[PDB]
Amino acid sequence: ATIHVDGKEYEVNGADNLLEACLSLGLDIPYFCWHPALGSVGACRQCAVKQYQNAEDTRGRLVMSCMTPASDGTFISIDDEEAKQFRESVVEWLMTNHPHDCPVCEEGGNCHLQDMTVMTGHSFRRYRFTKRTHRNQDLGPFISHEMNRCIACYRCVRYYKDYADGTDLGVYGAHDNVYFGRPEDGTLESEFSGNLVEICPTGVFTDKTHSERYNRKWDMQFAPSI
Amino acid sequence: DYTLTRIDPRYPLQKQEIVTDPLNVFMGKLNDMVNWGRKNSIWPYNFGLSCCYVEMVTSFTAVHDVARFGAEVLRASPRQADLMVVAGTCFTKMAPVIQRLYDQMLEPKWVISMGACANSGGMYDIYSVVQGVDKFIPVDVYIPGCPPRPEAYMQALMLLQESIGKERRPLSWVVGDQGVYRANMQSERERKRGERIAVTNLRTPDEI
Amino acid sequence: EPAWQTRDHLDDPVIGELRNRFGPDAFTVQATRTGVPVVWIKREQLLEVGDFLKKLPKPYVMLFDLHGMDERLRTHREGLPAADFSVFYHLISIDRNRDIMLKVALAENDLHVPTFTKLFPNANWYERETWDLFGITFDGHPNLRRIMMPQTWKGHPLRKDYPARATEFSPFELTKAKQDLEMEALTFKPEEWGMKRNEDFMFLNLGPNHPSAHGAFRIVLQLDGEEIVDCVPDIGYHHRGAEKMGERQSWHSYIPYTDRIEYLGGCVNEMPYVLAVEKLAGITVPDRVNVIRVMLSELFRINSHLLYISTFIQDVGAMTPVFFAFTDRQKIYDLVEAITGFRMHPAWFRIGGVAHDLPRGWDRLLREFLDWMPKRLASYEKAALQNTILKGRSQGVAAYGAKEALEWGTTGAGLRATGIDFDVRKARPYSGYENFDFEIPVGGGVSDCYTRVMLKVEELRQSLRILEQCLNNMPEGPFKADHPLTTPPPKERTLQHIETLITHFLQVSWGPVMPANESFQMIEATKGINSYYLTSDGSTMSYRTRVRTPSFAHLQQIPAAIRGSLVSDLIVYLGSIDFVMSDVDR
Amino acid sequence: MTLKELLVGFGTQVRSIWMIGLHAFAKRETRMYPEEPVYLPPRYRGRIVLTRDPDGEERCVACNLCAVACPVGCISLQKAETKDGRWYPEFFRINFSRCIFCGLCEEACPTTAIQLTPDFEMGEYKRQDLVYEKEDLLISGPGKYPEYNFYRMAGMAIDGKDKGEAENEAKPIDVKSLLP
Ligand code: SF4
Ligand code: SF4
Ligand code: SF4
Ligand code: SF4
Ligand code: SF4
Ligand code: FES
């Protein structure tokens, strides 16, 4: 297929969506809800680009790149002013309830939301009201739960139910009182519950074994191994 | 609480051994008066290397007046000077020159490291900088700071002064023990920790 | 259009002249944020382009910079010629008040460039610098020896594969044999350095230890009786590896390292680095930030000029003005400690602004220093500068005209003593220096030591005028920019907002992500023109940090003016240059 | 030289001698250390200490921002957790032989726990005593910032501070609540 990003022509796989096609080319598009192994559901509304109908179209329309197929002759813009404003607005709307917990959080320096707020340029806060809070749950000796830092991106429920076929974790609640976790306090039953520490873009699910002797990612001497 | 050092040609060519204090009250009074005369007239070596030397000569001026301690002669030859102040960075090219200037000095000699560069290499963890002046010469008094303020250099000067005031050196080279005795004084960290911990409030940084 | 916008300068008349001379496809323009036209030229046409620029109607008489760059690890090389190494030449045309940057591409194996010394004599040390740190060989150089490191060294540090840290190397062992061979390496033998020794020429060695404030270095002297017939400076005794260090630290953490490039500038040295970083990030600082930075730069300039005058007077032989001028430096240090919090190296500038706001009461200390200064300066002049013995020591000693200053790259009072009115603060205004009323002094046309001293005294008086103008009308507003890349964000918003805390968390730990671009900024330092050239590959680190300093050009200018004099004139000339070894070596 | 330059030179030497005598009849500019204590500004960058909460706890949360923001890398620490869940440094050491007193750690501290007091007398005999452990850094008060508390702003629940009890935090609404 043939796409045009900011007037520049690119050749991409026609079956894939615009988000993974543009991320394959090295272009930077924000995203929270979409995962490469889980598919697109269009939840977080963070991946907005401005799609034009034809070449000589100036108005366009704000679409989501994860739900937009990369068909032949597609015309989109990433760094459009309205698209950038909407993406910063989505970051800000996720910021209206995020707790002031980054120094005391295990995902600090490894947080997708941290990189994604810095990337979108959002640094000024104009929210002066209260922030919602949630009680935590005891999710066994491996996963530590902190429901305050969630952004309701629905990655955990999608992975744990559709992919891993786990049955003890889910979403409850309502409009802004969504609760992602077990129906009651107890250990997570699935044998693939460890991948929630990286499926979750925030620090809701953290490695408690690492959280005992914690240090940041830049302090880690890493190696590849089997 | 004393250390015996003797030199006899990896640098330095000397070994330290823990020895108790031997210190005739006439010899003790002679040693005390010799140490008093040595500590009240310390003749430094004018050695211009880096930033810390500029702050050393900022200590050397009228607004600070290190001359009050009898430490203002500032001889340009290593033979005429008693104290070597490594006030700068020990570069790889300048390390043998520093070693030679230390070698040409004569007993008694003392070494004051000025700045993080001369202390441990400091902020320059680079290929051409030797990480610390203690890698090749012994050091008596260390000063931290980048640069240390001039009054800190006088503080280290007094530190060296009571270090000299409680050390034993041979009066003559023909009679007595020739080894150099240096007191293992209690360090300033746990000595000042009695009043450093009790600090409660400081002036807020929004005022002058 | 803002001053940080990416332009290629295709409308530059020099570009059209090169188009008409060499054809349309002989070269390739490059769009950067350096503010100068950057032209990628072929290697064999380099000398032809140099001749064409030298013989322009308004010629490019100055070789401002000449260095190399390791382009092996550079990923974002879109629109650029394929190269594993590059060599860039920054050439300044004073008459046009412009400059150009010619870049020559080199492969990984064929690392030879035609020499450039036949057009500019400063290309000798510039090409020795390029060979010393990159290994690039220049065909036809008189002597391509290591200038910063000893000849008994392996590898080239500014290559991208070299280990930067001494911890990667073994700990420095100094055995008896190591000390013997290191002292043997410093032994000077005339045939290698090009002395070419009549059986009467006395050979003299000054240094490397230097009982003065301006670093430590060595000069080898050939003496026909008491006449200096030939001399070549020996530098590299203060090499701190600052550029490779700039490849190691982040954008934010590098500022204390820019502090100690020239240790008599402080904020004056911090200014071009943060200006180039703000050019990279597209940050437009508010006017209050500009006035604060101007105030600190002028204060440190007065400090450096006071120290230079004191050390020169002490070199002549009067020892009391060093005490008085250091008391004045203590007053300046009182104000600087009150504002920033440290005496010589404040490290107080930040990307997009300053570290803190001003304390309450800085105007009182500024007023006190401003009424303390001028009577002391007048007493300084009437006590030592108008002395006839000092005039006999200094007037007519190591003099050169405009041609010798231009061809050797001399800037500052060394260039302004020739009557060439070239100051950065007036030719290319930066940081709101146009909102101040001040004069640029010029000499009669002869660069004596006395002419440079009076030029710096008049510069001190003009800096006092700028300080008074800043104190009288001081803007009220922010002390940091509103850009999201301002590092760090304001502290109270970090302390009680969450996205500001996140921006702080990712800007002090990983570092800010500057987009992949090139930037350049030169300023009028306390000793001349100091320039920062920063190339970023889109990471949180500087891919290339090039620092050009005027003391390098002055030290290379030294043998062209001191030839045919005695040794006391050499000491007076050394004391009257206003250099430091950290400026030359860095 | 001519006779005129000789008389001018003699006059300038006499003038310089007279001005040196006039400065000799002036007041001393010397600040007499150590009898006269040095006045240092409040924001003077000197000895690094670790401050305390107004409640009496240590203000550090072992977030390791100062260690990575330190360009010399002279900070080492390890995070530890109490039974309630608050974060403190298990140990904390600064290599003062390496520290350049650049103040980047205090600027980068998100809890204002680490500060630089106006104190400069840090000279030492041995380099081993220049490593200041956590015993030599924690002071009895809040230092230059007298009323800040990170845990009052923090969203994490600790002892004496339940969920929703922080600044600008509503009470936790349960998902089983009958209100729509
Ligand atoms: S808990 Fe994590 S993965 Fe689940 S919706 Fe919230 S942010 Fe997404
Ligand atoms: S998960 Fe929340 S508290 Fe943790 S680093 Fe990310 S934004 Fe901060
Ligand atoms: S410690 Fe700092 S002030 Fe002293 S020589 Fe090193 S860089 Fe300069
Ligand atoms: S002042 Fe600078 S060098 Fe010292 S500990 Fe803090 S960040 Fe490190
Ligand atoms: S930056 Fe502050 S809170 Fe974080 S580890 Fe350092 S001292 Fe502790
Ligand atoms: S990534 Fe497309 S809406 Fe979430």
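What counts, and where the lines are drawn
Residues numbered from 1 in each chain as written, not as in the entry; some residues may be left out. Chains lettered and ligands numbered in written order. Part of a larger assembly, values for the part shown. Heavy atoms only, no water. Residues with missing side-chain atoms left out of burial classes, pairs and counts. Salt bridge = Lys/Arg side-chain N within 4 Å of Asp/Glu carboxyl O. Helix = DSSP H or I, 4+ residues; strand = E, 2+ residues; numbered from the N terminus. Buried < 20%, exposed > 50% of the residue type's maximum accessible area, 1.4 Å probe, protein only. Near = heavy atom within 4 Å. Nonpolar A, V, L, I, M, F, W, Y, C, P; charged D, E, K, R; others polar. Contact = heavy atoms within 4.5 Å. Buried area = accessible area lost by both parts, 1.4 Å probe. Polar contact = N/O pair within 3.5 Å; in protein donor to acceptor, adjacent residues only side chain to side chain. Patch = residues over 30% accessible without salt bridge, like charges linked within 9 Å, V, L, I, M, F, W, Y side chains within 5 Å. Areas by Shrake-Rupley, 256 points an atom, 1.4 Å probe, with all protein chains shown as cover. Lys, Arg positive; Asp, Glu negative; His and termini not counted. Charge placed at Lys NZ, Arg CZ, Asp CG, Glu CD. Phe/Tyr/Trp six-rings, centres within 6.5 Å; stacked < 30°, edge-to-face > 60°. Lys NZ or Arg CZ within 6 Å of the ring centre and 35° of its normal.

- What the entry reports as its method is cryo-EM, with 3.36 Å given for the resolution.

- The name given to chain D in the PDB entry is NADH-quinone oxidoreductase subunit I, and the organism recorded there is Escherichia coli str. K-12 substr. MC4100.
- Each PDB entry has a title, and for this one the record gives "Complex I from E. coli, LMNG-purified, Apo, Open-ready state".

- Looking at the PDB entry, chain A carries the name NADH-quinone oxidoreductase, with the source organism given as Escherichia coli str. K-12 substr. MC4100.

## Remarks on the pattern of salt bridges
Then comes step 1: For the structure on display, the rule yields 75 salt bridges over all chains.
Then comes step 2: Among the salt bridges present, the one from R149 of chain A reaches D101 of chain A, with a minimum N-O distance of 3.5 Å. Here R149 of chain A, found in the loop between β6 (143–145) and α4 (155–163), pairs with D101 of chain A, found in the loop between α2 (81–95) and α3 (112–120); they are 48 residues apart in sequence, far enough to count as distant. A single burial state applies to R149 of chain A and to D101 of chain A, both of which are buried.
Then comes step 3: Note that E106 of chain D is salt-bridged to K144 of chain D, the shortest N-O span being 3.1 Å. Here the residue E106 of chain D occupies a position in helix α3 (residues 104–108), and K144 of chain D occupies one in the loop between β5 (131–132) and α4 (150–153), the gap between them amounting to 38 residues. Side by side, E106 of chain D and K144 of chain D carry an identical accessibility label, which is buried.
Then comes step 4: Sharing partners across several salt bridges, the network here consists of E298, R301, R416, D423, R425, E459 and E524 of chain C.

## Some remarks on the site of ligand 3
Then comes step 1: If you check the shell around ligand 3, you find 14 residues, and the closest are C51, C52, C117 and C146 of chain B together with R240 of chain C.
Then comes step 2: More than a single chain frames ligand 3: its nearby residues are located in chains B and C.
Then comes step 3: Sort the elements by how many residues they give to the shell around ligand 3 and helix α4 (residues 115–120) of chain B lands first, with three residues.
Then comes step 4: By residue class, the composition of the shell around ligand 3 is six nonpolar, six polar and two charged.

## Looking at the arrangement of the chains
Then comes step 1: If you rank the five pairs of chains in contact by how many contacts each has, first place goes to chains B and C.
Then comes step 2: For chain A and chain B, which are not in contact, the least C-alpha distance works out to 18 Å.

## Quick look at the interface of chain B and chain C
Then comes step 1: With 50 residues of chain B in contact, the opposing surface of chain C contributes 64 residues.
Then comes step 2: Together, the buried faces of chain B and chain C total about 5100 Å²; carbon and sulfur atoms form 65% of this surface.
Then comes step 3: Looking at the side of chain B facing chain C, the largest losses of area belong to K93, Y127 and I208 of chain B, adding up to 18% of the total buried there.
Then comes step 4: Across the contact surface, chain B and chain C share three salt bridges.
Then comes step 5: The salt bridge partner of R343 of chain C is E55 of chain B, with a shortest N-O separation of 2.4 Å.
Then comes step 6: Our enumeration of links across chain B and chain C arrives at 18 residue pairs in polar contact.
Then comes step 7: Elements with a contribution of two residues or more to the side of chain B that touches chain C: α2 (51–59) and α3 (95–104) of chain B.
Then comes step 8: Across the side of chain B that touches chain C, the residue classes tally to 31 nonpolar, eleven polar and eight charged.

## A look at a negative patch on the surface
Then comes step 1: Residues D55, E57, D84 and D159 of chain D make up a contiguous surface patch of negative charge.
Then comes step 2: Tracing the chain through its elements places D84 of chain D in the loop between β2 (75–81) and β3 (87–95).

## Side note on the packing of aromatic side chains
Then comes step 1: Evaluation of the coordinates by the stated rule reveals 35 aromatic pairs over all chains.
Then comes step 2: Summarising the aromatic geometry, the rings of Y33 of chain D and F120 of chain D are spaced 6.1 Å apart at their centres and angled 45° between planes, so their arrangement reads as tilted. Highlighted residues: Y33 of chain D in the loop between α1 (3–24) and β1 (48–50) and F120 of chain D in the loop between β4 (114–116) and β5, separated in sequence by 87 residues. Across the pair, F120 of chain D and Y33 of chain D agree in class, each one buried.
Then comes step 3: When the ring centre of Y102 of chain B is taken as reference, the NZ or CZ atom of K109 of chain B above it lies at 4.0 Å.
Then comes step 4: Above the ring of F552 of chain C, the side-chain terminus of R586 of chain C is found at 5.8 Å from the ring centroid.

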